[PDB]
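Enquirer: sequence first, structure after; it's an experimental one.
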Amino acid sequence: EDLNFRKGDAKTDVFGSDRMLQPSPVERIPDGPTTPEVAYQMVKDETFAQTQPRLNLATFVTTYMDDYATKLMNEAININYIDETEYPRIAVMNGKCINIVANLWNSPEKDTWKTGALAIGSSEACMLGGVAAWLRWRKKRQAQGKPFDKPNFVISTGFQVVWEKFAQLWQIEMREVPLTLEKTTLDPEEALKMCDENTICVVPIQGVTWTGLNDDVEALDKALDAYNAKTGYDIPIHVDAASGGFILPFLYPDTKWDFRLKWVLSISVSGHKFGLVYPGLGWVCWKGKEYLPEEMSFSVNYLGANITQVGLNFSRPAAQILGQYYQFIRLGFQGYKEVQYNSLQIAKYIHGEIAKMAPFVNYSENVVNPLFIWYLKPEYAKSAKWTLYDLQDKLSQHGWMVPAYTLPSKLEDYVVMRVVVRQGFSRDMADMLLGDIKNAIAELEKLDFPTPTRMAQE
Amino acid sequence: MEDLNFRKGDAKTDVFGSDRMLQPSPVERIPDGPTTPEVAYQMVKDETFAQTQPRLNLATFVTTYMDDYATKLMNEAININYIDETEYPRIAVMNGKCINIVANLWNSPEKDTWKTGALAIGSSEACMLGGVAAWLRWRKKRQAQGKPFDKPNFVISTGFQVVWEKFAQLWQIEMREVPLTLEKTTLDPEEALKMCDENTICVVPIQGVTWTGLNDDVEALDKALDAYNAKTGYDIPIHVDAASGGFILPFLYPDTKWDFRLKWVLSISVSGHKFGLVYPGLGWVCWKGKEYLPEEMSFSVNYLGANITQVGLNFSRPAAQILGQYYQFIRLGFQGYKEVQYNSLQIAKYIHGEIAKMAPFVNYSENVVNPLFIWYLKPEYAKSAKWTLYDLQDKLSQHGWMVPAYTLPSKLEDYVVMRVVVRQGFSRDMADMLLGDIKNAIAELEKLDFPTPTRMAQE
Amino acid sequence: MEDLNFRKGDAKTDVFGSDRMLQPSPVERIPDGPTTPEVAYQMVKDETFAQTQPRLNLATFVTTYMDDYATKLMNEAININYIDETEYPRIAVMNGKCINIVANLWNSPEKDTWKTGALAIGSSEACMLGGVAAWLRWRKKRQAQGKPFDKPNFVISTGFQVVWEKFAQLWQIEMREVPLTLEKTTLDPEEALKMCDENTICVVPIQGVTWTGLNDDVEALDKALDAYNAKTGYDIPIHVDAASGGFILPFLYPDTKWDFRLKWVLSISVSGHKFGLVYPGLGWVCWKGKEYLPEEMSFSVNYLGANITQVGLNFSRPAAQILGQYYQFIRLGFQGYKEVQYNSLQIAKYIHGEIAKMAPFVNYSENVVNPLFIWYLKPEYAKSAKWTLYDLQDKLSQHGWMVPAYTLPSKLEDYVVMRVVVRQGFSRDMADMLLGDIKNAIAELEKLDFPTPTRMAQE
Amino acid sequence: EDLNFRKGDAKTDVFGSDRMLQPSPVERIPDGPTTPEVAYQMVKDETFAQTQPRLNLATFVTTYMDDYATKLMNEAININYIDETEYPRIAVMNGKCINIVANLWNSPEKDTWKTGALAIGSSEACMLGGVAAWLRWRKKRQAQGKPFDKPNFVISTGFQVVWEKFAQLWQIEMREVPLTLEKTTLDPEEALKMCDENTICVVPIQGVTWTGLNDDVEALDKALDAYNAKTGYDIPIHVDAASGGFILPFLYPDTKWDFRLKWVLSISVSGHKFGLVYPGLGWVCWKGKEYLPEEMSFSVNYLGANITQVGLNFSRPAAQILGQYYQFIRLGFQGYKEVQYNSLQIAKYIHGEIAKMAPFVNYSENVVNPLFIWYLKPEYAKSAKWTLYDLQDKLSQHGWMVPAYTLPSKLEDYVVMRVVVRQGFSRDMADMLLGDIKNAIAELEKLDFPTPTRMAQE
Ligand SMILES: *Cc1c(COP(=O)(O)O)cnc(C)c1O
Ligand SMILES: *Cc1c(COP(=O)(O)O)cnc(C)c1O
Ligand SMILES: *Cc1c(COP(=O)(O)O)cnc(C)c1O
Ligand SMILES: *Cc1c(COP(=O)(O)O)cnc(C)c1O
Ligand SMILES: O=C(O)CCCC(=O)O
Ligand SMILES: O=C(O)CCCC(=O)O
Ligand SMILES: O=C(O)CCCC(=O)O
Ligand SMILES: O=C(O)CCCC(=O)O
């Protein structure tokens, strides 16, 4: 007999111990330790009762990489990127990723080491782009003797929340262009009507989270050029290309959306979205060194590489840099093209199967990113007992997360549902999703009474 | 017999018999085409060999070792995006539980079950959130008083970590710096108060100053600030930058009054990936109460009955560091944290005392309160020495160590110092290897007949 | 809920919160008592961190990389004792097949299916077996002729590897050395013959001289020895020390007559753990035929139809390397070996040519025939330089490399040279990293206003 | 259809390929490559049809280490010990192992860094000990003006073959002292009768491979002291403690066999036997630096450690050094004592169960190493139709290797069987062995006719 079996000794079975008869700590650190096996199960077992990542169809963020990328990143778990003097090869590798991304966006910058910065995601990358735009504008107005205490920026109502965070945490006024059925993306004329002497930039979006579409950056550039020539306000573009920045160079190389455009001075992207790297990666590039203010930034030479030192974060995992460089070499341009081709084709397939179903109609006929949205046909929705919120709940019962939500301003009456196709979501998994949707439709159509969300829409 | 595509990357290719491994890695542009995973894996991996090994990086404060079970747990969470809280509500609750545990480690008087605080990637984000909040609370007060609010400043030691300079740059807030001297090796509150005025948004004492390893005396600052605030009505608060010290003091110095026990400490930040014992990617910031976190910055969403504050500079991010932090709280508990930090501090104190015995060296402080310390050359020894600590740094790097030498901040910029940080996973046996290499390096440098370049640069 | 024995090593102990990790590792005496495996694992593992990583060790000729399948196969054989041939007869046969394959790579004319040869731990044991065999054949021939046989000698370049000095010392056999000059950068046959007499047991040309990377011309020696032997009747044979070149020449230089194609080459040795591409612990020695391996040294036992020679200095030993060798033969074949060695030699030639373009350097040879080469400072640059190749070695060590600087053997002792060995797993990309580090080290060393200790020691 | 499926492409199944219809190469390197999976199987599959290491009861060499030792050694597979400038911490660790072994043997040497050498096994360690003994004798005889060209050494007929290799490869005369049932180990007086002015050393054995016994080193030391004072020949002892060198210090600390004895000037041992490390480890220690000739050796200071550079091998795996240092720290003295206690207890147990069986009688009543030998009772053997060779074959049918062999000279008529108990052979496995032996006896006792080996004994 083992006296200390239940107390956590060498013979203890995790699930015959006192600790596994006790709740996990909510408020205070436990007074004492447990065995690693007990602690591992206590933390791990709490993650079972939620969405499995590969079935999370709400997220744009990578939920699969191959075995070699995963191994490489796991092996780098203890590498702090910011220790660049200690790890100068990763600092150089970061600079090469930035060069590769800037050249993917057709940067005209002649310096070997392109002007850009590592980020944890598009959040930090967007804020860096916006702060730079803010500082360039402050300096311009100061030289002109104009006031500089009431800046604004212009964006679609389809903005992702980081631009609201940017507005709040820096106290810069956000001016929003509404969406309508006639203008499903940023309309340049309406955007221009909100520009004045205090606008620091206009922010078109490539891969709008709410809709899956792309704002027309070239059309914005065109309108902005004539306006800037009229007023001298010199208003630039920052492209929020969180998803599209790793779609368009491979699948739409001739679409002029990037540094080929005169007024596109900076671009940001989520490397952890369609850059195909696990969470923790964004990039922001400037068209040239002259668009990155000295007040924000400096550069350090590491092994002959000029590495720009700008960022909101400091210490951070380096794994995602290795992961990014791995994807660039392992796939190359052709490999990225074929992976994004697969993701886009599966999205268009699901899009076309959704359109064949009696309850549904797609927001757009054109799928330009590996995602799309649909809603209930208005005449179907009128007499239906259910809403898309009910469909989301039905699908979650099979482990899927397929989100239903209302669109931004002037389309707030439209409840839509979104599917994001990422690498690792196959045609076979699409068929399973489509079968579950068909079954959910059949069950919901048996309702004799309206659901609560159906009643709330009345 | 012969395999036609052996060199081009087929199923029979040997990585190092291939054309790709006769070619340089891409510097400017994505390669046109793919390679095999094995080739690409080696191309990226092999570039990380020629640099400091993490366990021998003694410059860094950030965790380079966790146990096998924490490591496995975090690797298994590599594809989990924290910010997908609706999809992963159990991790959102776990995040709120870590914040509670941290706030209570800091003796928060907040009565709400779900404490006011936020996840961060490191003390960089956590400090900026603390500073933006102090700035917004100050703007609101001055606006309500009819006073100007366009020229904010904050007060901090010259021993600040660079994120406070970034904060000053990226928000255009004036940083006022209190210099270090040998008479005042940490932030002196009276000199701190001399830089306070109606435009001061907060004072930032530091627990675990990166340059020196010391702690600013937060309680002494709180006392001076209390009298000053009673005199002026400016209501200047404290944000404690406890990047390292926030996970040392609760366990090793429970009676040092530095945290939410003090009247004017309204927020505190810490690096979970330093002495919180989690691999890179974790910080925490807590507020003394919900009233100190402006609604302009923040909201909260209920996930499975837990009120989780949605404030942050980042959005999508790895969730593994939350599982790792919660694992350490459960696996070690208070006693286990105390015993690990005791080990790290004892080893730092051991090296500190061994350093003091060697003829060329003298310690900046006799008090080791965090698992790190700094030393410099005895002035009388340095005058006739042919070498500097930069030469010692280079000697040690030849054996794989990174032991950094650098000049101290303002009014001590003449002092070249060297720093050793003891982290979990750096043992007494490894300290003996370091000390042996230091002794051997000293004996080699003492044979020099001519001064080194850095020695001449000091002349 | 405190754990009383947490620091003493129970089921809850954290390695780096334990008393054991506050104590030094044992230097003199076995510790009195046990620890947990996790603690002991770290204590041993952590001592290996502070040294050169194998893939950046450019001094070594010995394999530092094999693919994942070879590595898995060898790890799985860690508990297999080769010498237990009755218990493990398939490995004994596998060893015999490896010996057959090596003998045929060297164009053995031996008609027996099972070639006469022996497993070794490296070229050290393989060379000693070859030399003892030559010594015994010589003793027997001199005895039958009624001549003395008590003062044997052998002839070799001053570029010998240290095993031949051990052979000379441990068997008390006189080693006669032919010096190197710039005019005779490898073994000159005429000078070698002038050191032969009636007591010379063999001449040892070297394929892959460690000091230089060059090949002694075996065919020229064989030709010279043939005429010498016809004149004197001394009947002196060749043993080829082909430690590196024995797995280079068959694939990249098939037409160079250096092996058993030559009349007087009676035995050849090689390091299987060098360019045979197997992890440490493998060498081979083959004889031209059974009549050249004395029965006094040897016997043969039949295992499963395989005639296995039982010759060796070692007895019990790891079997993993046999599996590793046979795997490489099957996995790569002739073509795969050819392409791997081609990559290594091409990268060595690439580094060789880039070094020649740098102002301080000049290469020892314009011919690169093994995946390694040496260079030194241009005499005119060296006169006024403040630094030596020893200073460059130390600088490159600061980035984790080991690139050795050393003086050449006799009559070239004045030459300080530096050597790079390119092994499987050293790519073009890693070469670019090395060359970049060299360029940077030169620019730093060129800033010196005073000479270094080694530069002064050169007077 | 996949055109290249059988030829080795990415879709090839190893056992649907042409290569797995072809024999493995016997004579010549294949002209071309295969896939790693095919090559892995081809080599691996050849190792199945032989004794499994844990059931190999012939071997004295370690067949089990724990998971941490095993992982530690695997991780060092690419580490060449001899690169001591590159790997100076392993050179220091090697020196610490030599110190620990030297003190385990009660070395009186005052130096911190004990005089000793790493080996691949007892073979190299014994040859180093014998070469040193040989060189010291040459120097002594030369200084006296005496001849030194006809060396000999004295050893039991129970020598292990390396001493024959030493005799052959160095051309030194081996003088053998026979075993008898009256003198089951080396008799000192018989040993002394073969010594003269040309004897370089006497070699007692601790853990004789043939018998499991220990030569009485202390009795040899006493007799050698009186002989040396009479003749002045100054003949020393080298102890071949291949097995016993890691048994006696823990289980028989009071037995005086090591450097405590005046004439024991060197001792060798197999670290890969009862030192508990996987194949590839030996040690030799000298009583002091004056007993290791400089002609054989030099010393290099690595990080303050004086490391002796003597050895027959050069480049070699360093993994075994880590494994040895791991075992010293992981087990300590107590842990070694308890592990060797277990192995010895199990051997004593099997020994006692063998003695109870009608056909058998043990060679010795005292088990002093974890091994022993037995033979057939003389009267049982006379009428039995089977021999121990037949028992060996029967046990091989169940996967065991339990060897039968004739003892060396003057016991050449004795066919014996040996069992070696190593770490990893438990009481439970001993019961399994004993059950198979019992079953085998019942089968062989049914023979109506004698076996080939039984007739060969007639
Ligand atoms: C992803 C997203 C963001 C926020 O990016 P993160 O990578 O989550 O930090 C901003 N804008 C758009 C269009 C996005 O899709
Ligand atoms: C670590 C550090 C910081 C920055 O924190 P990160 O975790 O690197 O983001 C700020 N202040 C101090 C005192 C620090 O030690
Ligand atoms: C490698 C080497 C040796 C010694 O061989 P090991 O494999 O280290 O035992 C002998 N001669 C030459 C030319 C060598 O390169
Ligand atoms: C093991 C053995 C040897 C040979 O030792 P290895 O470790 O196989 O090289 C020599 N003598 C005895 C008594 C042995 O048991
Ligand atoms: O992809 C995600 O998980 C979040 C980023 C986009 C969004 O806000 O929905
Ligand atoms: O610990 C690190 O690796 C960086 C922390 C902040 C600093 O030291 O400036
Ligand atoms: O390659 C090695 O690691 C040793 C080889 C022999 C030598 O260089 O002397
Ligand atoms: O134990 C072995 O595997 C061989 C050891 C030497 C022997 O007993 O012959």
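Expert: Good, I have the coordinates. Numbering: from 1, shown residues only, chains lettered A, B, ... in the order given. Ligands and ions are numbered 1, 2, ... in the order given.
Enquirer: list the buried ones in stretch A:220-232?
Expert: By 16 or more other Cβ atoms under 10 Å in any protein chain shown, the buried positions in stretch A:220-232 come out as A:220, A:221, A:223, A:224, A:227, A:228. Backbone N, C-alpha and C define where each C-beta goes, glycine included.
Enquirer: again but with stretch A:401-420, I slipped
Expert: A:401-405, A:407-408, A:411, A:414-420.
Enquirer: which two in the residues you listed are spaced the farthest apart?
Expert: For those, the farthest-apart pair by Cβ to Cβ is A:401 and A:411; their separation is 22.5 Å.
Enquirer: what parts of chain A come near ligand 5?
Expert: A:59, A:60, A:61, A:160, A:209 (Cβ under 6 Å from any ligand atom).
Enquirer: and for the second one, the neighbour number?
Expert: So the one you mean is residue A:60. Around residue A:60 there are 25 other residues, counting by other Cβ atoms under 10 Å in any protein chain shown.
Enquirer: cool, the last one as well?
Expert: The tally of other residues near residue A:209 (other Cβ under 10 Å) stands at 18.
Enquirer: one more: the first one?
Expert: Close neighbours of residue A:59, defined as other Cβ under 10 Å, add up to 25.
Enquirer: quick one, what contacts it?
Expert: For residue A:59, the contacting residues are A:53, A:420, A:422, B:81, B:84, B:87, by Cβ atoms under 8 Å, 6 or more residues apart in numbering or on different chains.
Enquirer: could you dump these into TSV with secondary structure added?
Expert: Below are the contacts of residue A:59 laid out as TSV (DSSP: H, G, I helix; E, B strand; the rest coil):
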residue	secondary structure
A:53	helix
A:420	strand
A:422	coil
B:81	strand
B:84	coil
B:87	coil
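Enquirer: closest to ligand 3 among those?
Expert: For the contacts of residue A:59, the minimum distance to ligand 3 (Cβ to the nearest ligand atom) is 50.0 Å, reached by residue A:53.
Enquirer: so what's that closest one closest to, chain neighbours aside?
Expert: Beyond its immediate neighbours in the sequence, the residue positioned closest to residue A:53 (Cβ to Cβ, 6 or more residues apart in numbering or on different chains) is residue A:63, lying 3.9 Å away.
Enquirer: next, count neighbours for that neighbour.
Expert: 22.
Enquirer: phi, psi of it?
Expert: phi -120, psi 0 (degrees, to the nearest 10).
Enquirer: ok, it touching residue A:57?
Expert: No: counting by Cβ atoms under 8 Å, residue A:63 does not reach residue A:57; the two are 9.9 Å apart.
Enquirer: pick out the residue of the stretch 351-458 of chain A closest to ligand 4.
Expert: Closest point on the stretch 351-458 of chain A to ligand 4, by Cβ to the nearest ligand atom, is residue A:424, at 52.8 Å.
Enquirer: distance check, that residue against chain D.
Expert: From residue A:424 across to chain D, the span is 20 Å (Cβ to the nearest Cβ, to the nearest Å).
Enquirer: next one: that residue from ligand 6, what distance?
Expert: As judged by Cβ to the nearest ligand atom, to the nearest Å, residue A:424 and ligand 6 stand 33 Å apart.
Enquirer: contacts only, for that residue.
Expert: Counted by Cβ under 8 Å, 6+ apart, residue A:424 has contacts A:54, A:63, A:64.
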